[PDB]
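For the sequence shown, the authors' numbering gives the first residue as 45, with consecutive numbering after it. Idealized CB from N, CA, C, for every residue including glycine.
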Amino acid sequence: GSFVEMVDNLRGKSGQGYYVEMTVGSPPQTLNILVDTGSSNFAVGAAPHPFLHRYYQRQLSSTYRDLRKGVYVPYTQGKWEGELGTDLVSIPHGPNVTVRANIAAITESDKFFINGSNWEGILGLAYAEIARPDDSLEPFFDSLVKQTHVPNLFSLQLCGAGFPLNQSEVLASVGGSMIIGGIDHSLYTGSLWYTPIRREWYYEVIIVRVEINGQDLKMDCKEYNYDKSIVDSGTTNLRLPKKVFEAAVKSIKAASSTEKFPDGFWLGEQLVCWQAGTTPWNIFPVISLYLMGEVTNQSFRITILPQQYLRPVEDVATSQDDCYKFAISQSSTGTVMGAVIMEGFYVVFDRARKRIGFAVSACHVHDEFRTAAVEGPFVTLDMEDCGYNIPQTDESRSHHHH
Ligand SMILES: CN1C(=O)[C@]2(CC(C)(C)Cc3ccc(-c4cncnc4)cc32)N=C1N
Ligand code: NI
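In structure tokens, the structure reads:
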């Protein structure tokens, strides 16, 4: 349970994703690649772009092979598109292996790259079912496991930022670890608790209960997972279904009522500040998500602090103060346990055993009174089915799966 070479191999800027160094081609071309458990394509910038100072140059690689097939990926925010191919890929601060993987060479995009994020591509770590153009395009991790002796598991320790912040001109730097093929015991303390992967597409899980400062939200538990709940390193926020979001905001507002913030703050569109070092952490409640256990009728809870859901943003004009963005937001596509959740925990994506593990992170931000926690078991007599069944569209139904 030691993977020293892979420790601290993640970097990034607060709110702009965590990236790992990868190489593509022969000889190896280094790129910084966003670690994304909410998508399934390995897609890299492969043409000039205003926000890229470098890109994958297919012509420089002796081992590049064109698949003679394009790929077009629209999404809520924007789109990326390009040409499919294969090449040799390695992770310099990962396993000592080289694999031939599918690579989508991005030739055109809109609102994909982020000015100053310092990453040039995305490593989709989710399953084939959500790959583009379709599930026949083998994802990177599938190729890694098939071609090498790497165990079918990876783990993420995402370490967030905190005041005092170093710089007033740039965003806060973040760090973390992606351990490929194993669990590094130095990255967590206490017990490691597992929740089943409900279905292998996203890393989908089931939330059975939600508490805000130990107060149950008392909703039909299907509401917590409407229309899914997923663990996504490629989302910054904790994102909650509309009804759940509204209930949570009401509870957090009530707990923090000594302070009256503008509506903009609760919408994530405005910062609130306190004089350096005086942030009243204790007026903001803890949030507990109970996840279905491996055993029927069991659950465990992960508990996060305001140090996780209030994101530090240093303002140029207000550099004397500690300022924060509310990082819980409304979803219409289910619960997303993003960086806000993941920064509290060491998270084990145990694909081999179709389960996700959580343990208290050795790097999580906390104070002397409260800590992020992972606690269980909680037993429920005749526990209900909290899973939602997404209505089946005709187009989805028409798909053949040979
Ligand atoms: C929710 N989600 C996305 O919208 C997506 C979809 C994708 C098509 C891969 C394009 C993309 C680009 C940047 C970020 C990003 C991530 N973190 C910070 N800033 C931007 C996230 C994503 N991947 C995920 N998981
Ligand atoms: Ni058929």
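Integer-rounded CB distance, given that residue j should sit under 8 Å from residue i
i           : j           : result
residue 220 : residue 201 : 5 Å
residue 278 : residue 165 : Not confirmed; about 12 Å, so no contact.
residue 139 : residue 65  : 13 Å between Cβ atoms; not a contact.
residue 234 : residue 418 : 6 Å
residue 274 : residue 430 : With 8 Å as the limit, residue 274 and residue 430 do not qualify as a contact, their Cβ atoms being about 14 Å apart.
residue 145 : residue 180 : Incorrect: roughly 14 Å between the Cβ atoms, too far for contact.
residue 87  : residue 170 : Actually they do not touch by this definition, with Cβ atoms about 13 Å apart.
residue 26  : residue 113 : Lying before the first or after the last residue shown, residue 26 is absent from the chain, which here runs from 45 to 446.
residue 305 : residue 374 : No, residue 305 and residue 374 are not in contact; Cβ-Cβ is about 17 Å, not under 8 Å.
residue 152 : residue 168 : Contact doesn't hold; Cβ gap of about 18 Å is too wide.
residue 292 : residue 372 : 6 Å
Option nearest residue i by Cα separation, candidates the options
i           : options            : result
residue 267 : 277, 258, 254      : 254
residue 132 : 347, 429, 105, 256 : 105
residue 83  : 257, 235, 182      : 182
residue 41  : 227, 206, 170, 380 : Outside the shown range of the chain (45 to 446) lies residue 41, about which nothing can therefore be said.
residue 406 : 387, 422, 96       : 387
residue 308 : 370, 291, 394      : 370
residue 433 : 206, 48, 242       : 242
residue 311 : 263, 415, 294, 327 : 294
residue 435 : 362, 272, 155      : 272
residue 411 : 280, 350, 286      : 350
residue 416 : 347, 305, 252      : 347
residue 342 : 426, 408, 124, 284 : 426
residue 301 : 209, 98, 326, 100  : 326
residue 256 : 374, 103, 334, 185 : 334
residue 281 : 379, 446, 152, 402 : 379
residue 57  : 70, 122, 211, 169  : 211
residue 108 : 381, 207, 67, 92   : 67
residue 396 : 198, 97, 428, 439  : 198
residue 363 : 103, 213, 376      : 213
residue 383 : 236, 304, 289, 409 : 409
residue 158 : 374, 121, 185, 168 : 121
residue 303 : 313, 328, 314      : 328
residue 270 : 101, 261, 287, 260 : 287
residue 102 : 74, 119, 117, 94   : 74
residue 377 : 119, 50, 96, 264   : 119
residue 70  : 93, 50, 54, 100    : 100
residue 206 : 438, 51, 323, 314  : 323
residue 55  : 204, 439, 142      : 204
residue 421 : 252, 49, 160       : 252
residue 368 : 361, 297, 315, 117 : 315
residue 296 : 330, 53, 263, 265  : 330
Other residues of its chain near residue i: CB distance less than 6 Å, five sequence neighbours each side excluded
i           : result
residue 61  : 78
residue 390 : 201, 231, 232, 403, 405
residue 189 : 196
residue 185 : 169
residue 345 : 332, 334, 419
residue 150 : 87, 89, 90, 124, 126
residue 162 : 76
residue 174 : 84, 245
residue 47  : 223, 226, 228
residue 424 : 341
residue 414 : 349
residue 261 : 254, 291
residue 352 : 384, 387, 388
Contacting residues, own chain, Cβ-Cβ under 7 Å from residue i (five flanking each side not counted)
i           : result
residue 72  : 134
residue 177 : 115
residue 399 : 238, 239, 240, 241, 338
residue 229 : 45
residue 247 : 81, 170, 241, 274, 275, 393, 400
residue 209 : 216, 356, 358
residue 284 : 292, 372, 374, 375, 379
residue 49  : 137
Proximal residues to residue i (C-beta, below 8 Å), its chain only, five neighbours per side dropped
i           : result
residue 365 : 317, 318, 319, 320, 359
residue 130 : 108, 109, 111, 144, 145, 146, 147
residue 142 : 132, 133, 134
Residue i CB to nearest heavy atom of ligand 4 below 6 Å
i           : result
residue 279 : Absence of ligand 4 is noted for the structure shown, with ligand 1 and ligand 2 being the only ligands found.
Report task. Please go through the region 99-160 and give each complete beta strand (DSSP E) segment of 3 or more residues, from N-terminal end onward. Result -> 109-118, 123-134, 143-154
Query raised in the report: Enumerated in chain order, which unbroken segments of the alpha helix (DSSP H) with a length of 4 residues or greater are wholly contained in the region 414-443?
Result: DSSP assignment within the region 414-443 yields the following whole alpha helix (DSSP H) runs of 4 residues or more, N-terminal first: 438-442.
Query - alpha helix (DSSP H) runs contained entirely in the region 327-375, provided each spans 4 or more residues - result: 350-353
Requested in this report: Go through the region 163-196 residue by residue and report every complete run of the beta strand (DSSP E) that reaches 3 residues or more, in order.
Outcome: The qualifying runs are 165-168.
Query - In chain order, each beta strand (DSSP E) run of at least 3 residues that lies wholly inside the region 234-297 - result: 251-256, 273-275, 282-285, all fully within the region 234-297.
Report task. Measuring from each Cβ to the nearest heavy atom of ligand 2, keep the ones under 7 Å and list them in chain order. Result -> 444, 446
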